[PDB]
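Trainee: Here you go, one structure.
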Amino acid sequence: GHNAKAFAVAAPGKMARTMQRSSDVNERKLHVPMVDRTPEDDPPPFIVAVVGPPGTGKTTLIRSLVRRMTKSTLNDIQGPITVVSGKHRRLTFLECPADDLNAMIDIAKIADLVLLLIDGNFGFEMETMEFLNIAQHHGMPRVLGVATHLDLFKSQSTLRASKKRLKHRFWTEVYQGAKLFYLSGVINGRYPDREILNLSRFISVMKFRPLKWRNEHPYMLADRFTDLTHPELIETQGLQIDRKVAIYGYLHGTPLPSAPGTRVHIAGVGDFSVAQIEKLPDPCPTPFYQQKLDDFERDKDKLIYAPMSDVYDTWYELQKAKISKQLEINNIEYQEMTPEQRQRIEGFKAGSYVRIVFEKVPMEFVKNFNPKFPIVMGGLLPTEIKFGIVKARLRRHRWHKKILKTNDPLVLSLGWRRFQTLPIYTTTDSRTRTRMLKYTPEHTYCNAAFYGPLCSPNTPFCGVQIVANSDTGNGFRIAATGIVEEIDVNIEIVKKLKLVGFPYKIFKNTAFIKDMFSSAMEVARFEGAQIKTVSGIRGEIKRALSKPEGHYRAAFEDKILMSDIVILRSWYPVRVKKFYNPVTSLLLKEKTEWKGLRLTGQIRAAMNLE
Amino acid sequence: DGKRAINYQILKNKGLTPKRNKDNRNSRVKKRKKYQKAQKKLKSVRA
Amino acid sequence: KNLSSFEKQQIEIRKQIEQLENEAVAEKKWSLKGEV
RNA sequence: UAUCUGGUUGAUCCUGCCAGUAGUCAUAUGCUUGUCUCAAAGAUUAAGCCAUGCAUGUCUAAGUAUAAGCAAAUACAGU
RNA sequence: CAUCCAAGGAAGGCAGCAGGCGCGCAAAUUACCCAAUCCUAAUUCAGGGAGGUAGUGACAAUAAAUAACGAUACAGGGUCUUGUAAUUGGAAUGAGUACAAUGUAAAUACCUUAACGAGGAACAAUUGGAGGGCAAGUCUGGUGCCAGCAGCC
Ligand SMILES: Nc1nc2c(ncn2[C@@H]2O[C@H](COP(=O)(O)OP(=O)(O)OP(=O)(O)O)[C@@H](O)[C@H]2O)c(=O)[nH]1
Ligand SMILES: [Mg+2]
């Protein structure tokens with residue numbers, strides 16, 4: 001065609017360095033492709049969960065945010081509260097119960113934006129670290145730090161140094177360069193206007209990431225609660241029969257199909273099947289939805305809905321294009337067909353205000369109900385309704401002080417479920433068999449088998465100890481991190497066991513041995529095995545004597561000494577326990593302390609024996 | 001108070017670093033005893 | 001007076017917990033030990 | 001004053017390449033980051049697109065004062 | 001390209017200072033002031049995101065803390081010279097905290113200083129590597145395999 005000499009440039013080195021740096025910038029954009037599965041017409045409100053220590057002032061933060069984005073001060077905040085921002089955005093705020101870890105774990109599983117608040121004068125606390133680890137293990141949402149109580153500092157030098165230290169600790173825990181907000185005072189029950197304005201501005205322009213777990217399993221945030229039973233049914237049969245309960249909220253993630261009887265998991269409650277579902281009209285619509293509606297026929301102050309409270313070129317590019325083109329073919333075949341069968345075959349895509357109703361609901365979900373704890377509903381894949389044993393890998397968490405122990409209770413969260421199991425920790429005998437480990441290694445990973453509901457492979461899980469708020473102390477609560485390797489029913493776990501025995505009559509190259517067995521058939525069953533002495537000479541067993549009850553005769557290569565003690569080495573197969581206990585943390589009269597099985601050291605200290 | 005305070009292990013965040021001597025903080029003392037062992041060796045061989 | 005479904009579920013969970021704790025606090029089985 | 005050593009050979013020599021050690025107004029990244037002084041910061045890929053706020057106004061004794069403006073020389077007289 | 005609405009019409013240009021988007025993988029404050037340097041006007045007086053001040057990822061660069069002197073017992077060179085020690089004795093001091101004063105447009109900070117502040121100096125230094133090259137291991141244990149010897153060491 002032409003010459004490469006003619007199409008040259010004036011500067012080689014600048015091309016070399018700019019091209020290398022541009023290649024690095026271009027490979028910074030590459031990612032692993034997944035699917036969004038988010039609606040384009042009416043996206044659901046983003047969930048903003050505020051998380052921090054008890055007395056640090058999160059209610060004032062959500063109060064100031066709502067006041068700045070609505071010009072309306074609201075008091076007595078409880079439950080999720082929905083606000084509209086801009087022309088398309090809606091944010092549902094939710095306050096975290098600080099003391100409980102259960103709803104805390106559910107919040108970290110559910111939330112899309114997490115406002116994490118830290119006392120500036122005190123410093124970082126254990127609740128912040130625990131929530132950060134739970135969020136990191138279960139799929140990290142967008143974390144935004146805010147620091148309060150900064151008017152308690154009496155010097156500017158200490159204030160600047162503490163701000164730098166908190167910012168760098170946050171940059172260690174979260175990505176580096178993450179910006180966090182500094183809140184000055186509470187002078188009128190709320191924060192200064194400029195900082196609240198910057199908080200509102202940052203979250204009104206931010207975009208979110210498609211997490212792996214949110215894009216296949218449908219989930220639901222419940223905004224209000226109502227019990228639907230006839231009062232005569234309450235009166236006549238003793239007020240205790242399990243009830244029909246209808247609950248309201250917003251669907252996120254995946255269309256939950258419109259056929260009745262789909263299986264449902266409620267975190268902190270259990271597992272049900274939904275009786276009926278329907279799509280109520282949205283009670284807090286975006287304004288743009290209102291001009292769209294008015295355009296179908298061609299909300300000045302109700303921006304708050306709080307019923308809970310009182311008033312090609314690159315492979316990455318072509319795979320993303322493939323995901324987008326199958327998404328738009330699915331959308332365009334959805335658009336050309338009647339809306340009733342759209343509702344029938346897709347089943348309530350996200351952004352829909354959905355009222356669902358179950359049957360057979362216990363009392364303590366209704367009787368001891370409180371508005372200050374979140375309610376989370378979750379759709380279930382079929383693989384998660386089956387039970388079995390799971391073989392995973394886990395480590396002792398690097399901030400947990402003490403190691404774990406085999407056959408001890410562990411309260412672990414996996415998927416949408418949170419339950420207490422009795423795992424057995426095994427190592428491998430160098431890819432030959434499954435060696436049973438009595439303890440947990442201090443700095444390496446061990447496999448673990450435990451009974452529970454099945455799940456997809458490569459699904460993260462996180463275990464903790466007892467969740468009662470009384471005997472917490474200064475210790476850290478996360479105890480096991482890892483992913484699941486495989487699901488099965490039975491695996492071979494092997495424990496080495498050496499039976500002990502003594503000699504009583506010594507011939508030459510032949511001994512008479514007693515004190516391991518008590519019957520002749522026990523010796524006759526184990527004939528042909530090899531017994532080894534303590535000193536180290538080799539031999540085997542030969543015959544069982546008839547008239548003695550347990551004495552038998554065995555062979556040896558050398559003359560056995562009288563004080564030598566024989567042992568027989570066997571490989572006893574042990575089995576897992578089939579205990580499955582859901583935590584039912586939302587089904588308690590206090591919900592701050594739930595005790596199931598206690599640790600071995602705990603019960604040994606309780607009844608005073610070693 | 002009931003506020004669960006921070007721990008030293010989880011604040012400074014130095015995990016699995018090898019335990020080094022007190023004299024590795026200051027280079028002057030380490031080079032002092034290095035030169036001192038060197039002159040002891042020199043005094044032992046130049047007798 | 002009368003028992004609910006939650007009450008019977010919690011009492012059977014509680015007796016399972018009591019049985020498991022009694023099994024755990026007791027001495028281990030000879031097949032679950034070493035150099036026995 | 002000017003940092004090279006091997007392989008490519010059983011040795012002797014070109015030629016390119018590879019492995020290693022060291023220096024970097026070189027790009028990117030990681031770990032760590034107590035004090036003093038100092039001073040660089042959206043060019044590298046897009047002179048791509050911009051919410052909101054500010055960035056150019058100005059009166060002397062000395063151009064025009066009936067402000068139903070403010071306080072105290074019947075032509076005005078201060079501000 | 002793109003904003004507003006009553007649908008008739010009106011309005012737009014951050015390669016100024018902040019700040020945001022441009023990937024779902026990221027990086028300074030939408031801060032204070034004309035006190036300094038100068039610029040503008042009718043003009044000593046007003047204005048100036050020009051500019052200065054402070055804040056912010058170790059750009060780059062300078063100087064520099066994290067210890068110093070002993071007594072006792074062993075190991076020494078062997079009567080005068082050193083090391084080791086869950087041994088011991090008093091001195092000296094700033095990283096921080098802080099009345100004050102200085103500093104500054106007002107501050108922060110620096111320089112100065114009444115007082116507090118050190119034995120595990122816990123007031124808790126890091127990053128790598130070890131036959132070579134151009135330095136520092138003829139150190140230790142464990143793991144996968146062997147139709148090699150013995151046979152479960
Ligand atoms: N000094 C100071 N006080 C604050 C600040 N923020 C909040 N407070 C005070 O801290 C108090 C406690 O916070 P709460 O209003 O009770 O909010 P909360 O974190 O949900 O605490 P609980 O309601 O008990 O769970 C408030 O009454 C505020 O007066 C702050 O930034 N500085
Ligand atoms: Mg509150």
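Each chain of the structure tokens is named A, B, ... in the order shown, its residues numbered from 1; ligands are numbered from 1 in display order.
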Compute the set of chain A residues within 6 Å of chain C, using only C-alpha atoms, and express it as a ChimeraX atom specification.

Mentor: /A:240-241,362,497-499,597

Trainee: Taking the DSSP secondary structure from the backbone, can you list the residues of stretch 338-498 of chain A that are strand (DSSP E or B), as an NGL selection string?

Mentor: :A and (353-361 or 376-379 or 387-396 or 405 or 410-414 or 417-421 or 424-428 or 434-436 or 439 or 445-453 or 460-464 or 478-488 or 493-498)

Trainee: Measuring between only C-alpha atoms (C1' of nucleotides), which one of E:9, E:96, E:137, E:78 shows the shortest distance to chain A?

Mentor: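 Going through E:9, E:96, E:137, E:78 one by one, the smallest distance to chain A is for E:96.
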
Trainee: Select residues of chain B: the criterion is any atom within 12 Å of an atom of chain D, counting only C-alpha atoms (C1' of nucleotides); output as a list in words.

Mentor: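 Contact residues on the first chain: residues 12, 13, 14, 15 and 17 of chain B.
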
Trainee: I need the residues from that last selection saved to file as a tab-separated table (two decimals), in the first residue's frame (with N, CA, C and O atoms), if you can.

Mentor:
```
chain	number	residue	atom	x	y	z
B	12	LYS	N	-3.34	-0.22	64.64
B	12	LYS	CA	-2.08	0.00	63.93
B	12	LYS	C	-1.94	-0.94	62.74
B	12	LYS	O	-1.31	-0.58	61.74
B	13	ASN	N	-2.50	-2.15	62.85
B	13	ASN	CA	-2.63	-3.12	61.76
B	13	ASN	C	-1.26	-3.54	61.19
B	13	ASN	O	-0.95	-3.32	60.02
B	14	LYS	N	-0.46	-4.15	62.05
B	14	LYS	CA	0.79	-4.79	61.64
B	14	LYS	C	0.66	-6.28	61.90
B	14	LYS	O	0.93	-6.77	63.00
B	15	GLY	N	0.22	-7.02	60.88
B	15	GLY	CA	-0.04	-8.44	60.99
B	15	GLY	C	1.05	-9.26	60.33
B	15	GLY	O	1.50	-8.93	59.23
B	17	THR	N	4.13	-9.52	60.66
B	17	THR	CA	5.48	-9.02	60.49
B	17	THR	C	6.42	-9.77	61.44
B	17	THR	O	6.02	-10.11	62.56
```

Trainee: Distance limit 9 Å, reference ligand 1, atoms considered: only C-alpha atoms (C1' of nucleotides) and all ligand atoms. Which residues make the cut? Give them as a compact mmCIF listing (two decimals) with N, CA and C atoms, in the first residue's frame.

Mentor:
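In the end it all went to pocket-v2.txt:
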```
# COMPACT_ATOMS: atom_id res chain seq x y z
N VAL A 51 -25.37 3.39 59.68
CA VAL A 51 -24.79 2.40 60.59
C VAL A 51 -23.73 3.08 61.45
N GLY A 52 -23.81 2.86 62.76
CA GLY A 52 -22.83 3.38 63.68
C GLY A 52 -23.04 2.92 65.11
N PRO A 53 -22.23 3.44 66.03
CA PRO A 53 -22.39 3.12 67.45
C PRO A 53 -23.68 3.72 68.00
N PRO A 54 -24.18 3.22 69.16
CA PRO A 54 -25.49 3.65 69.67
C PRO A 54 -25.68 5.15 69.89
N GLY A 55 -24.84 5.78 70.70
CA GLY A 55 -25.05 7.16 71.08
C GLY A 55 -24.42 8.20 70.18
N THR A 56 -24.04 7.84 68.96
CA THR A 56 -23.24 8.72 68.11
C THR A 56 -24.11 9.64 67.23
N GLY A 57 -25.42 9.42 67.18
CA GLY A 57 -26.29 10.36 66.49
C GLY A 57 -26.58 10.11 65.02
N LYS A 58 -27.20 8.97 64.70
CA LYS A 58 -27.64 8.68 63.34
C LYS A 58 -29.04 9.22 63.04
N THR A 59 -29.91 9.30 64.04
CA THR A 59 -31.24 9.88 63.87
C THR A 59 -31.18 11.34 63.46
N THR A 60 -30.25 12.11 64.04
CA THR A 60 -30.05 13.49 63.61
C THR A 60 -29.57 13.57 62.17
N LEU A 61 -28.75 12.60 61.73
CA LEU A 61 -28.25 12.61 60.36
C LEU A 61 -29.37 12.37 59.36
N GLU A 95 -32.50 3.04 59.58
CA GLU A 95 -31.61 3.15 60.73
C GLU A 95 -31.26 1.75 61.23
N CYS A 96 -29.98 1.52 61.47
CA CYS A 96 -29.52 0.23 61.97
C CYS A 96 -29.68 0.16 63.48
N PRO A 97 -30.33 -0.88 64.01
CA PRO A 97 -30.24 -1.15 65.45
C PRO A 97 -28.80 -1.48 65.82
N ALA A 98 -28.22 -0.64 66.68
CA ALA A 98 -26.77 -0.64 66.87
C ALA A 98 -26.30 -1.87 67.64
N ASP A 119 -17.70 8.26 65.69
CA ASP A 119 -17.43 9.34 66.62
C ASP A 119 -15.99 9.82 66.46
N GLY A 120 -15.83 11.10 66.16
CA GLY A 120 -14.52 11.67 65.93
C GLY A 120 -13.65 11.75 67.17
N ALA A 147 -18.08 11.45 59.97
CA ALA A 147 -17.55 11.55 61.32
C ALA A 147 -18.30 12.64 62.07
N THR A 148 -18.72 12.33 63.29
CA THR A 148 -19.47 13.26 64.12
C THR A 148 -18.69 13.58 65.39
N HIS A 149 -19.32 14.41 66.23
CA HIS A 149 -18.78 14.83 67.54
C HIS A 149 -17.41 15.50 67.40
N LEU A 150 -17.28 16.37 66.40
CA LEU A 150 -16.02 17.06 66.17
C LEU A 150 -15.94 18.43 66.83
N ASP A 151 -17.01 18.88 67.48
CA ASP A 151 -16.97 20.10 68.27
C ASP A 151 -16.46 19.85 69.69
N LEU A 152 -16.27 18.59 70.08
CA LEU A 152 -15.71 18.28 71.38
C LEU A 152 -14.21 18.49 71.44
N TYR A 182 -17.04 15.46 57.44
CA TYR A 182 -16.77 15.87 58.81
C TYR A 182 -17.90 16.76 59.29
N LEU A 183 -18.59 16.34 60.34
CA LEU A 183 -19.80 17.01 60.81
C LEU A 183 -19.45 17.77 62.08
N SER A 184 -19.81 19.06 62.11
CA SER A 184 -19.31 19.95 63.16
C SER A 184 -20.13 19.84 64.44
N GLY A 185 -21.41 20.22 64.39
CA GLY A 185 -22.20 20.39 65.59
C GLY A 185 -23.65 19.96 65.41
N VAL A 186 -24.38 20.01 66.52
CA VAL A 186 -25.76 19.54 66.61
C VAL A 186 -26.61 20.68 67.18
N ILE A 187 -26.22 21.91 66.84
CA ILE A 187 -26.64 23.13 67.55
C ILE A 187 -28.15 23.32 67.61
N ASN A 188 -28.88 22.83 66.61
CA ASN A 188 -30.34 22.94 66.60
C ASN A 188 -30.98 21.58 66.40
N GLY A 189 -30.39 20.54 67.00
CA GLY A 189 -30.86 19.19 66.78
C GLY A 189 -30.49 18.62 65.43
N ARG A 190 -29.66 19.31 64.66
CA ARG A 190 -29.30 18.89 63.32
C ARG A 190 -27.96 19.51 62.95
N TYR A 191 -27.37 18.98 61.89
CA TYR A 191 -26.03 19.33 61.47
C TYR A 191 -26.02 20.64 60.67
```

Trainee: Within 9 Å of residue A:68, counting only C-alpha atoms (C1' of nucleotides), which residues show up once you throw out same-chain ones fewer than 3 positions away? Write them as a VMD selection string, please.

Mentor: chain A and resid 63 to 65 71 to 73 193 196 to 197 200

Trainee: Please produce a file of the residues just selected, as an mmCIF file, in the first residue's frame, where the atoms kept are C-alpha atoms.

Mentor:
```
data_model
loop_
_atom_site.group_PDB
_atom_site.id
_atom_site.type_symbol
_atom_site.label_atom_id
_atom_site.label_comp_id
_atom_site.auth_asym_id
_atom_site.auth_seq_id
_atom_site.Cartn_x
_atom_site.Cartn_y
_atom_site.Cartn_z
ATOM 1 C CA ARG A 63 -33.454 13.897 60.085
ATOM 2 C CA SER A 64 -31.177 16.552 58.574
ATOM 3 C CA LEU A 65 -31.012 14.727 55.225
ATOM 4 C CA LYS A 71 -37.840 21.486 53.446
ATOM 5 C CA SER A 72 -39.914 19.758 56.136
ATOM 6 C CA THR A 73 -38.631 18.810 59.584
ATOM 7 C CA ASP A 193 -26.363 23.223 56.330
ATOM 8 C CA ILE A 196 -25.669 18.283 54.826
ATOM 9 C CA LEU A 197 -25.811 19.968 51.407
ATOM 10 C CA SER A 200 -27.101 15.358 49.647
#
```

Trainee: Each residue of stretch 81-153 of chain E lying at most 12 Å from stretch 29-45 of chain B should get a row with its shortest atom-to-atom pair and the distance in Å to one decimal, counting only C-alpha atoms (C1' of nucleotides); could you produce that, ordered by chain and increasing number, as a Markdown table?

Mentor:
```
| residue | atom | partner | partner_atom | distance |
| --- | --- | --- | --- | --- |
| E:81 | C1' | B:40 | CA | 10.6 |
| E:82 | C1' | B:40 | CA | 7.7 |
| E:83 | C1' | B:37 | CA | 8.8 |
```

Trainee: For the residues in that selection, give me N, CA, C and O atoms (P, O5', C5', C4', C3', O3' and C1' of nucleotides) as a PDB file, in the first residue's frame.

Mentor:
```pdb
ATOM      1  P     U E  81      42.593   1.168  80.670  1.00  0.00           P
ATOM      2  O5'   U E  81      41.947   0.186  79.590  1.00  0.00           O
ATOM      3  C5'   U E  81      40.569   0.263  79.242  1.00  0.00           C
ATOM      4  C4'   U E  81      40.204  -0.776  78.208  1.00  0.00           C
ATOM      5  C3'   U E  81      38.720  -1.021  77.979  1.00  0.00           C
ATOM      6  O3'   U E  81      38.109  -0.055  77.139  1.00  0.00           O
ATOM      7  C1'   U E  81      39.847  -3.095  78.158  1.00  0.00           C
ATOM      8  P     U E  82      36.509   0.119  77.139  1.00  0.00           P
ATOM      9  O5'   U E  82      35.984  -1.044  76.181  1.00  0.00           O
ATOM     10  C5'   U E  82      34.621  -1.451  76.202  1.00  0.00           C
ATOM     11  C4'   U E  82      34.423  -2.762  75.482  1.00  0.00           C
ATOM     12  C3'   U E  82      33.105  -3.480  75.741  1.00  0.00           C
ATOM     13  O3'   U E  82      32.016  -2.970  74.989  1.00  0.00           O
ATOM     14  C1'   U E  82      34.882  -5.018  75.946  1.00  0.00           C
ATOM     15  P     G E  83      30.526  -3.017  75.597  1.00  0.00           P
ATOM     16  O5'   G E  83      29.999  -4.479  75.244  1.00  0.00           O
ATOM     17  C5'   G E  83      29.856  -4.914  73.898  1.00  0.00           C
ATOM     18  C4'   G E  83      29.571  -6.394  73.840  1.00  0.00           C
ATOM     19  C3'   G E  83      28.318  -6.851  74.578  1.00  0.00           C
ATOM     20  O3'   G E  83      27.147  -6.744  73.784  1.00  0.00           O
ATOM     21  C1'   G E  83      30.147  -8.178  75.255  1.00  0.00           C
TER      22        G E  83
END
```

Trainee: As an NGL selection string, could you give me every residue of chain A near chain D (at most 9 Å apart, counting only C-alpha atoms (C1' of nucleotides))?

Mentor: :A and (17-26)

Trainee: Fewer than 4 positions away in the same chain doesn't count, so skip those; otherwise give me all residues within 9 Å of residue D:35, counting only C-alpha atoms (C1' of nucleotides), as a list in words.

Mentor: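 Residues meeting the cut-off are residues 64, 65 and 95 of chain E.
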
Trainee: For those residues, write N, CA, C and O atoms (P, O5', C5', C4', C3', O3' and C1' of nucleotides) to a file as a PDB file, in the first residue's frame.

Mentor:
```pdb
ATOM      1  P     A E  64      21.512  16.323  59.873  1.00  0.00           P
ATOM      2  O5'   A E  64      20.350  15.801  60.828  1.00  0.00           O
ATOM      3  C5'   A E  64      20.098  16.430  62.072  1.00  0.00           C
ATOM      4  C4'   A E  64      18.784  15.999  62.674  1.00  0.00           C
ATOM      5  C3'   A E  64      18.657  14.538  63.060  1.00  0.00           C
ATOM      6  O3'   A E  64      19.340  14.242  64.267  1.00  0.00           O
ATOM      7  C1'   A E  64      16.649  15.294  62.044  1.00  0.00           C
ATOM      8  P     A E  65      19.284  12.773  64.913  1.00  0.00           P
ATOM      9  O5'   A E  65      18.041  12.844  65.903  1.00  0.00           O
ATOM     10  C5'   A E  65      17.715  11.751  66.742  1.00  0.00           C
ATOM     11  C4'   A E  65      16.449  12.008  67.518  1.00  0.00           C
ATOM     12  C3'   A E  65      15.882  10.811  68.261  1.00  0.00           C
ATOM     13  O3'   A E  65      16.504  10.599  69.518  1.00  0.00           O
ATOM     14  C1'   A E  65      14.158  11.849  67.029  1.00  0.00           C
ATOM     15  P     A E  95      10.447  17.610  69.028  1.00  0.00           P
ATOM     16  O5'   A E  95       9.472  16.357  68.907  1.00  0.00           O
ATOM     17  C5'   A E  95       8.076  16.540  68.736  1.00  0.00           C
ATOM     18  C4'   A E  95       7.350  15.224  68.618  1.00  0.00           C
ATOM     19  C3'   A E  95       5.843  15.295  68.765  1.00  0.00           C
ATOM     20  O3'   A E  95       5.201  15.722  67.578  1.00  0.00           O
ATOM     21  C1'   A E  95       6.677  13.501  70.056  1.00  0.00           C
TER      22        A E  95
END
```

Trainee: Distance atom CA of residue A:353-atom CA of residue A:286, one decimal place?

Mentor: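 Computed distance, atom CA of residue A:353 to atom CA of residue A:286, equals 12.9 Å.
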
Trainee: Could you pull the residues within 8 Å of residue A:91, counting only C-alpha atoms (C1' of nucleotides), minus those fewer than 3 positions along the same chain, as number ranges by chain?

Mentor: A: 45-48, 82-85

Trainee: Residues within 10 Å of residue E:153, please, as JSON, numbers by chain. Count only C-alpha atoms (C1' of nucleotides); anything in the same chain fewer than 4 positions from it doesn't count.

Mentor: {"A": [536, 537, 538]}

Trainee: Could you save those same residues with N, CA and C atoms as a CSV table (one decimal), in the first residue's frame?

Mentor:
```
chain,number,residue,atom,x,y,z
A,536,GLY,N,8.7,-50.2,70.0
A,536,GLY,CA,8.9,-50.1,68.6
A,536,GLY,C,9.1,-51.3,67.8
A,537,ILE,N,8.9,-52.5,68.4
A,537,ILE,CA,9.0,-53.8,67.7
A,537,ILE,C,7.7,-54.1,67.0
A,538,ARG,N,7.8,-54.8,65.9
A,538,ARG,CA,6.7,-55.1,65.0
A,538,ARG,C,6.1,-56.5,65.3
```

Trainee: Could you list, as a PyMOL selection string, the residues of chain B having an atom within 9 Å of chain A when counting only C-alpha atoms?

Mentor: chain B and resi 3-7+9-12+15

Trainee: Mind pulling up the distance from atom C1' of residue E:118 to atom CA of residue B:16?

Mentor: 28.0 Å
